[PDB]
Amino acid sequence: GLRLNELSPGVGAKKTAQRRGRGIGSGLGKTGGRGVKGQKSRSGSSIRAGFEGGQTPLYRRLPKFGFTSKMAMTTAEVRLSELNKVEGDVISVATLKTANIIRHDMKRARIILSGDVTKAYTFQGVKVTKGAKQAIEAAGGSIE
Amino acid sequence: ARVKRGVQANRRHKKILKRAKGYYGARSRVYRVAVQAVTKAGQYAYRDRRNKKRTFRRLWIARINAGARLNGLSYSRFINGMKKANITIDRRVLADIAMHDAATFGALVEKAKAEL
Amino acid sequence: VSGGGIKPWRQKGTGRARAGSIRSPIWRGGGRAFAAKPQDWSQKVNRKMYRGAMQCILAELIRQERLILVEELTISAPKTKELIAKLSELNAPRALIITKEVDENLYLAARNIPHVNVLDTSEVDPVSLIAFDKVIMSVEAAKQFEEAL
RNA sequence: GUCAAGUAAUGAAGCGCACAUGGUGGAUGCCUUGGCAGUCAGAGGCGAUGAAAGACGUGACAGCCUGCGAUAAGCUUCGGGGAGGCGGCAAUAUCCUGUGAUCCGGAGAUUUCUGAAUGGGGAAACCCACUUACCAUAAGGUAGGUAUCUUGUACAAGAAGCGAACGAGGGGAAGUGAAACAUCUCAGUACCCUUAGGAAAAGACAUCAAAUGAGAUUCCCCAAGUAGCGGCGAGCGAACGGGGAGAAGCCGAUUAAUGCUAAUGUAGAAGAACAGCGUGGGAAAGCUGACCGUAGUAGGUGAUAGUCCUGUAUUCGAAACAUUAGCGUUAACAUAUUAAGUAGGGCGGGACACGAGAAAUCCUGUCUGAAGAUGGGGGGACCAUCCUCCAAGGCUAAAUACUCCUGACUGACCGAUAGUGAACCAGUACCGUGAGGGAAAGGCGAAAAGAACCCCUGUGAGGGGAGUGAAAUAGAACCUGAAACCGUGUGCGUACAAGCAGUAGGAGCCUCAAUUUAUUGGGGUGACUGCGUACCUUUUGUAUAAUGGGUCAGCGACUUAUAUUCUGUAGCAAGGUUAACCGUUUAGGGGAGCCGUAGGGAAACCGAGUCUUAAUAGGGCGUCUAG
RNA sequence: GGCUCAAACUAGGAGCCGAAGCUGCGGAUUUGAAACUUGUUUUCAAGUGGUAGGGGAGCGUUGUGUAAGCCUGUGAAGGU
RNA sequence: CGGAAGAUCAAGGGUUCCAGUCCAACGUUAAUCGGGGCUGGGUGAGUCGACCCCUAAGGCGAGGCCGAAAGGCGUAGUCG
RNA sequence: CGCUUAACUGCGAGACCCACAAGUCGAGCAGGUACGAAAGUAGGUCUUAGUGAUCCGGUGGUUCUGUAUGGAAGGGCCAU
């Protein structure tokens with residue numbers, strides 16, 4: 001930089017904050033944009049997520065459905081375009097972990113057809129979709 | 001970073017009171033009464049700035065009416081005569097001629113009188 | 001604020017504005033509505049943002065002829081006069097000296113000169129490169145910035 | 001000149017405006033002796049050898065504060081230091097001091113009474129005792145002993161009480177939220193009570209895990225606002241595991257003394273370098289020229305100083321007594337030997353994120369009650385298999401929590417309505433029976449040089465001279481001195497005229513500057529004319545006879561922390577980014593994690609598809625980039 | 001006030017007054033439009049009453065760096 | 001006035017008592033005066049009262065009983 | 001009047017209505033039928049009222065899940 005004087009934020013970067021109740025000319029005087037007497041104009045007012053003023057809220061007129069599966073939280077889906085972060089040629093679950101592609105607590109992984117591979121890989125213990133399988137072996141890869 | 005407002009408030013209040021000089025009683029001494037006297041004075045001035053143009057035309061027309069009636073016709077027939085003679089002289093100038101040079105206004109009425 | 005727990009007077013009847021505490025923010029000696037507390041002011045600069053800024057500053061320093069490359073800047077004795085004289089022949093009476101392994105007697109030589117500071121390349125900050133009028137970087141220290149940026 | 005008619009001017013009891021000049025008042029500005037928040041270290045107690053808090057005394061000197069205790073602003077000794085001193089308001093007097101004072105540090109001696117108060121009592125600072133020894137002979141003195149409880153052999157050793165927060169433990173609300181309210185929340189919070197240590201607690205697997213297994217406890221970042229719990233409401237809310245800090249395991253890792261060794265701490269010492277000239281009350285600021293620098297942004301000094309002073313960088317001293325660590329010794333306590341009224345069970349409760357729920361696990365008031373290594377606990381109902389580990393004995397450092405405090409240092413913290421309630425003789429005055437509540441109040445000047453003397457007055461207040469001072473509308477109610485508010489003077493207007501008091505015009509008068517001399521321009525006033533029912537709030541609608549404001553000055557209300565969403569901008573970009581931590585600390589490292597890159601379905605599962613379906617039909621949701 | 005062949009009423013006619021409407025003259029401003037092109041410039045067109053409220057651009061005050069700078073006893077802040 | 005508005009106390013207060021001196025503030029005015037300021041003085045007990053001995057109501061209460069803790073009660077006593 | 005079970009199952013292009021949650025009409029396609037000789041008609045009744053979300057609990061089914069593993073409990077989905 002030139003000097004600590006001529007260092008400017010690059011117009012558009014900074015915006016002046018809004019101050020409520022500082023006179024007529026500021027556009028926020030006497031109310032802060034709160035309107036007139038009402039619950040939402042009061043000091044501790046809030047919108048209260050999940051409230052329609054008394055009729056049973058939408059999340060309670062509809063039924064609960066489904067159950068959470070523990071398997072789904074340890075099965076990670078792997079994309080073909082993410083494989084460039086792998087060191088070497090083997091693609092395994094432990095190899096996907098050291099590449100930071102999947103979480104360290106993931107038990108199993110699935111390779112789907114999202115991008116495209118650039119080198120031959122060897123998949124041992126990971127399930128590969130039909131579209132991804134033909135893209136793998138089109139680049140010289142294999143699945144075992 | 002505590003900010004003390006005494007200095008800015010003093011010259012702010014002083015600015016309003018300086019604008020309220022000559023007002024009677026509290027209107028030129030205490031800020032609370034002087035601030036709304038200064039605002040009211042500005043409102044009167046804005047409206048009286050339109051009314052001034054409105055009031056001097058009444059003055060010119062009355063002066064012209066007196067001048068035309070001194071020698072011949074009335075204002076209503078005078079303005080018609082000037083309009084038919086394609087005379088563009090404004091009522092401001094006419095009222096000045098009537099009040100300050102009666103010979104010219106006498107000649108000016110004749111041109112309007114011969115046109116009707 | 002100390003005290004101010006009881007209602008100063010009954011709500012109705014006295015003819016005064018209702019009050020709940022003598023330590024109200026409306027009262028003299030009352031509490032601060034939105035009283036300040038200790039807070040952290042450190043921001044996050046992205047690693048590449050800090051690296052990019054130092055690259056931009058050093059590049060700009062060269063463009064305005066404020067960088068001075070020297071082979072080495074060492075002082076035989078921890079003497080302020082010796083370094084003051086060496087800066088004069090370097091045409092930088094007030095400058096920021098950047099060297100690798102800042103000497104234990106070069107530190108003492110510059111520790112008294114008013115607008116002069118000697119820093120290791122690993123303890124150079126973006127403000128120091130801008131504040132000082134000139135920067136005397138050794139060739140060895142310039143290579144460190146070449147690798148670290 | 002006389003009369004008649006018409007029509008000017010002149011007035012001010014008072015008042016208005018402007019200006020000038022004061023008073024009151026104490027804003028503002030500048031200032032600080034005082035506070036506020038922290039960082040890095042240390043310490044974490046005091047007390048029956050009488051504490052914390054007090055009462056009363058104590059001086060040459062009347063009071064208060066500070067110190068001290070009848071040896072009473074103090075006594076002795078050991079060190080430091082070297083010329084003044086007998087604490088402050090706050091001076092005066094007698095004096096002390098190189099025969100080393102005052103002053104500072106270590107140790108000691110003295111240490112009234114009350115108070116755990118402890119010889120009994122009691123309305124605290126008081127009353128009344130008994131007893132041993134000695135002395136005196138009178139109606140006493142000196143030195144002790146005499147509380148209660150607990151542990152040892154009627155004898156010794158302890159305890160008591162007070163005082164910040166942090167810990168552990170025994171009890172335990174309600175306001176509130178749920179837009180009501182009872183389950184629930186608030187919350188195991190506030191509060192009460194017991195008790196410890198510098199920390200406490202916990203701690204070594206009858207623990208997890210289910211992978212290729214790991215390997216105590218504690219704390220931080222993630223996991224994750226996920227899984228769950230829940231009038232499935234409001235809300236509550238993990239764990240596994242990963243990344244770090246710290247790591248330790250034992251069978252006494254106890255406590256208290258003593259002596260050596262080492263290092264601190266509690267007083268200190270030295271510590272560089274500037275002159276001239278001009279202005280000025282005063283020089284540090286100006287001009288010219290020097291010097292030191294391991295010392296240049298310190299505080300002062302008559303205005304702003306590296307070279308005037310105190311200081312700073314740097315180098316160092318301890319007779320004495322604490323403190324920390326290492327070694328040795330001494331005496332108090334402790335030293336299990338593998339664990340039965342135990343695990344488990346019934347009933348009622350409590351804790352687990354988990355509200356009985358399909359409810360595992362832990363705790364236990366009641367009633368019961370094993371097996372005991374060919375055995376037993378757990379793996380979230382339960383059974384089988386497998387894995388893991390051995391309860392019913394006791395310990396264990398660090399990483400963690402905190403501040404009554406001690407030191408060093410810091411602040412986009414305050415600057416006298418602020419900051420502590422308290423900058424000042426403040427927990428005071430004052431209020432209250434009491435618990436308790438709780439103020440106000442800073443500034444002469446550089447130096448008191450604080451005004452000798454004279455004059456008016458009552459030997460008063462107050463002032464005027466004189467004098468001091470740069471300044472005295474800096475004169476002690478003292479820096480600056482605002483406004484409200486109250487006077488005095490000058491100019492103009494105003495006693496026939498009806499109202500938010502102004503505004504647009506406008507005659508006259510007064511006053512300054514030019515100008516060849518009433519012509520303009522500036523200022524003050526405002527006869528007369530037109531128009532014109534304050535402001536705020538709240539309302540369909542207010543001059544409203546609806547609200548609020550006596551005025552002035554000062555203060556007074558959209559914040560902060562975190563999460564999340566959108567927008568802008570910047571860096572990188574199919575990638576972006578680290579968190580805690582480490583770090584010689586805004587760097588660098590740390591990739592755990594998070595978001596993006598794929599969706600469909602309750603899910604298994606499949607995947608540019610997927611779900612529904614008998615269906616390949618139809619249809620739903622997706623698809624054909626920017627984060 | 002006053003008004004009676006009106007200064008009333010009916011039916012016509014011609015003048016004129018009359019608003020912040022329109023036009024004239026000067027100036028500002030929002031949006032869009034041809035370009036030395038970011039207000040670099042000349043214009044043109046349509047706009048510019050406003051509560052709740054949304055959007056945009058700024059002023060001043062205290063403090064930090066810039067600043068061991070600059071100003072200041074030949075007079076700072078504050079006051080008037 | 002004089003069954004007090006005169007005297008002696010208790011309670012409560014605490015120097016207001018006496019003298020000299022001063023008049024700013026205090027005294028609802030003035031003040032030379034004062035319960036005001038300042039400076040001195042003044043309260044003498046075997047017999048008056050307290051203290052002391054004794055006890056009432058009522059407290060506290062070695063041991064004792066009861067109670068999550070804190071504590072509640074209670075005998076001998078010890079205060080009152 | 002005879003025969004019957006379309007008072008079906010999976011859906012449904014497209015619309016009406018509508019803040020949402022809901023509600024209404026619907027040709028056509030596949031499967032299995034009922035009646036008719038057949039083209040065909042039939043997803044209740046001439047239509048518009050005859051109704052009540054979620055939670056929770058029950059019942060009939062279902063490979064979906066199944067806290068070390070195999071089960072099971074519990075849960076999910078479809079129907080009521």
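Lettering of chains follows the sequences in order, A, B, ..., and the numbering in each one begins at 1.
The side chain of B:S74 places no N or O atom within less than 4.0 Å of a non-bridging phosphate oxygen (OP1 or OP2) of E:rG15. Between B:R50 and D:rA504, a side-chain N or O to OP1/OP2 separation shorter than 4.0 Å is absent. Contact between the side-chain N/O atoms of B:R57 and the OP1/OP2 oxygens of E:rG18 is found at a separation under 4.0 Å. Listed pair A:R103 / D:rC594 meets the phosphate criterion, a side-chain N or O lying under 4.0 Å from OP1 or OP2. Between C:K37 and D:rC36 there is no side-chain N or O to OP1 or OP2 distance below 4.0 Å.
In terms of polar N and O atoms assigned as donor or acceptor, the side chain of B:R32 never comes within less than 3.5 Å of the base of D:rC535 in a complementary pairing. The base of D:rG556 sits within donor-acceptor range of the side chain of B:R5, with an N or O pair under 3.5 Å.
Among the atoms of the strands shown, none is found under 4.0 Å from any heavy atom of A:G21. Contacts of A:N5 with the nucleic acid, taken as non-hydrogen atoms under 4.0 Å apart, include base atoms.
Of all nucleotides listed (E:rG56, E:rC17, E:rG79), E:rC17 comes nearest to the side chain of B:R91. Residue B:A45 places its side chain closer to D:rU503 than to any other of D:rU503, G:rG76, D:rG421.
Taking 4.0 Å as the cut-off between side-chain N and carboxylate O, A:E6 and A:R3 do not count as a salt-bridged pair. Remark: C:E140 engages C:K100 in a salt bridge, criterion side-chain N to carboxylate O under 4.0 Å.
In this structure, G:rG28 is classed as anti because its glycosidic torsion departs from zero by more than 90°. Nucleotide D:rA534 carries an anti base; the chi torsion (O4'-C1'-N9-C4 or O4'-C1'-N1-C2) is more than 90° from 0.
For the pair B:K40 and B:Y44, the cation sits on the ring face: its NZ or CZ lies under 6.0 Å from the ring centre, inside 45° of the axis. In this structure, C:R111 satisfies the cation-pi test against C:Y107, with its NZ or CZ atom closer than 6.0 Å to the six-membered ring centre and inside 45 degrees of the ring normal.
C:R28 contributes atom CZ, which lies 9.0 Å from atom CZ of C:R23 (distance to the nearest 0.5 angstrom).
A positive value of the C1'-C2'-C3'-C4' torsion places the sugar of D:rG499 in the north (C3'-endo) family.
Using the rule of two distances under 3.5 Å, D:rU503 and D:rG530 count as a Watson-Crick or G-U wobble pair.
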